[PDB]
């Protein structure tokens, strides 16, 4: 049990690092997604804005 | 069973369903807008048992049913349950069939258009009514009370409308539609009775609380004074007997609930109360209108039947209003059921027989026609 | 005798097995749930003598047999002995082969599932019954009693379940299973009779005490008052004649046995009794159910035979029950036989002929099928 | 034995009590809310033996005790028994006299007034506490989690209160009190373990099933698929060891229990579940509040430790929520100990020293004062 | 240790499940960030390419 525990605890803590690494990567991907969404938004809106202003001429 | 093709008149609200025929002075029958369904697994065989129960059936067998109201603060969403309510209202109570009678239904002036379109669609497509007419509750409220000029204060179960009408004309910019109603009072009372040690959270419990409210509640002319004594002595308490024999003794909750009408913050609402909405709807009208509207604040709908409500609102409006001018509330005994009466008045006017959507125009245009034909 | 392929009905407890043909108002055969076995060495030859005896055979030759029953606290533990009991009951007494008749067996809703699977398997594999159904004992008790609504307090030999039903629907969250039944009441009496100088420990002796209980005991409307007199005066002792011509007299012990129903602590149980479970099953039912169940609490099964129990129970429930409401216990003549009678009523309904597991569905799925097909 | 006159923190619920000293990060005295009493007749003399046992004493000697809980569904029903729990917790385990340690107690926002005033009275009149405070569990949960905004799901043994807070302010109109809690989940498990052949009804049995639930049960993210395999194979079964060396093996009951949180009908409750109530607590708040409450769904108290529950809830709310919106659950490992932690944070806060009711104000006003001074 | 193991195993399993949930959420973020970029810069950058033509004339 000490060995199985060391493995369960080691695997748990390691896997917990995989949890925090995947989680961190998810947050970073979300910050990137957001930034991407923000740029998308900003561009579509900048164009739609400018286009509305410039629909005429 | 009628000997004439009189219009049928019905107010299908979030609370009660009122119905009768045009030309009468009262609904012939009134029951809750409820369709109930079993929340349990059956074990006995050959017991009959419906998939759903309607109106008084829904309440009579409610011990094992969950009860739903198809109308949500004035709008119909569960049209299938309402088809059942209408069928019951017409055939098992009035003993009429819409197929042989034109039908009048009613809604508030700022009620979403979807309500008028769906009511029109179902009465023409599932009941084959020869004609339809969706009336304005404010119009009907003043017809029943006897006014062409005044403020309709229709403070019932669904929504309070607050609309000024002058010489038969709407003054729509001054309408103060408010999300404060008799339905919120039932839920608020369940919460303050929980504070007293009697928790209420289920349908049966909600129906018990609605009964407590309807029989024990009032608002009072002076809230703080009524509160100070109710909170200090048993002399202002009143008991209520529950369906299962339990007894609940209620003190200041008896009025603290209803007081939400004047203090909406009790239920988390951003509002100054029904007396201020009445006041502002008049103040937004021209000064040659205001003199007639302040003298004719007109009650319709439930909650207007609470002791101290006409005096409470008149006092607050008068306090906010200028001097010399007279401020008055009209609060006739034909309360809570007066809009139905107004429906009878409208349905039977000779000047109204050209206002009907017929079942010709309806099929050529579809239900959206109500938006152009009624008002 | 039967002239039609009607369903067979058979109620099976830790006490007795009742059986007959669906459509009647009584079982046509009743046998003890007993299989007897000799515990002696034979010396004479050409004496016949069976390896095992069943039902009435088990009791008639019991002088040298050990007697065992197959059902414990509601479940079958010995399927082989149930097959012998049913084989004898159906083929020798009722003179019917189940191969040509659907069969209805019973249990309360919380009965461990293995019991329903065994009832289904024995009848399909050893009797080749064309169809099966397992019904709820509370369902059958209400049919026998003329009710669709009520609480069935099945105070039988094994277990008491006290199952509430409203409009034919289960209210399973409120079933208050109790580990107190007639078999435990017999054990109490054997210990108290030992205190009086009469030890009863062997099979013949255990059967005597069970017989004493059934014929001499009563609940006592007032336990303490009945005891104050019974403990002071011999005029309240009842004389029971033992099989060998000797007699035993029983005094306050006459009521202290059934008192365990109101005092389970008498047998070491952590419970107040059958009236407490009657009260708790109703207490957990919906507030709009309670009024109909309180006016219709139903006795079912045995131990209800106590001419002291009818008033004892209504007094005990009324004492806990709400005011205003009518509180009543139904103690029908269809007692000790109500499940069988209800079984006949269910089995013979036209609305029940679609409820059968056929001997097609059974073999394709196996006996676990009863868990999906019956309830 | 403490080196400072720091208020105690005592989160006393219907299940367990977590007590300790304010300013620390964990409780020091953790006891079940149990007072035990012997249910047997003594034979030996000079055996000591208490009239009542408390906390761990009640469980250690439970073999012959009936165990009762003084707190039910969020309130104290037996304050004398709470004085016994408190005396032990304070003087024997925490080793502190309340006379120099004000003590913070906890309650739910819509908890009956009687409970908050009775707790105040006992600490002032029996323990002579110099000051008192009764805290909202939602407040404490948000402090522990590092938030001023969120929905606190305090899903413990008694009541799930579903209460929203925004920028530190209560939004009481949106509190969804729910009659579904950990105690009901235990009762459900006792009933379905009965179906498997292992009935549990007595005190020892009730304590075992609660322990089984805590150790074996889970929700996962998909009930129907989890049930399809759990009901078909031993591969999803887990064995539990009973105190006498015997074991019970449990299959889909392992998840069917806590599934009642998403399916309350399993215990006869008229509810759509905890995710519907979480959703309504968010939805019933203003539109510019909703976004912050969706992003701060806070798990607190018991049952938050069922595997898959933090994600199960985020999924179930997301399913009801508008698209685009981010729904997020806050579920730290400090789950369930977060109320205690918040109690420590609030009690020791310099900004909250004036919030303590002193034993001056208490006697002048009486115990009802807690209702006006704490929030 | 049996309990520490079951608990560590719960933690290991938790972490395996948490990792699984995050394996799913990382892939969802990997696919959502991908999809958002793939559709967002591809569309809005395309919209700016279209600007090159849209604003001609």
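In order of appearance the chains are A, B, C, D and E, and numbering begins at 1 in each one.
Heads up, the rule we're going with is that a residue touches a chain if its C-beta (ideal position, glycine included) is under 8 Å from a C-beta of that chain, and two chains touch if they have at least 3 such contacts.
Q: Indicate, using Cα centroids, the chain positioned nearest the centre of all protein chains shown.
A: Looking at where each chain's C-alpha mean falls, the closest to the middle is D.
Q: Comparing residue numbers, which of B-C or B-D shares more than half of the contact pairs of C-D?
A: Matching more than half of the contact pairs of C-D: B-D.
Q: Any idea how many Å lie between the Cα centroids of chain D and chain E?
A: 36
Q: Distance between chain C and chain E based on Cα centroids, please, to the nearest Å.
A: 63
Q: Which whole number of Å gives the spacing of the CA centres of chain A and chain B?
A: Roughly 50 Å separates the two chain centres.
Q: Quick one: report the Å distance separating chain B from chain D, using the average Cα coordinate of each chain.
A: Spacing between the chain centres: roughly 41 Å.
Q: If a residue has to touch 2 or more other chains to count, which residues of chain A qualify?
A: As it turns out, chain A has no residue touching two or more other chains.
Q: Two or more other chains touching the same residue: where does that happen in chain B?
A: Residue numbers touching two or more other chains: 40, 202.
Q: On the basis of the stated criterion, which chains touch which? Give every pair.
A: Pairs satisfying the touch definition: A-E, B-C, B-D, C-D, D-E.
Q: Which bits of chain B are touching chain C when the two form their complex?
A: 38, 40-47, 49, 61-64, 202, 204-205, 207-208, 241-247
Q: Flag every residue of chain B that touches chain D in the complex, lowest number first.
A: 39-40, 66, 191, 194-197, 199, 201-203, 267-269
Q: Quick check: in the complex, which residue numbers of chain A touch chain E?
A: 1-2, 4-5, 8-9, 11-16, 18-19, 22-23, 25-26, 29-30, 32-33, 36-37, 39-40, 43-44, 47, 51, 54
Q: Sort out for me which residues of chain C touch chain D in the complex.
A: Per the stated touch rule, the residues are 75, 110, 112-114, 171-175, 177-179, 265, 269-270, 284, 286.
Q: With touch defined as at the start, can you tell me which chain E residues reach chain D in the complex?
A: Within the complex, chain E touches chain D at residues 10, 14, 17, 21.
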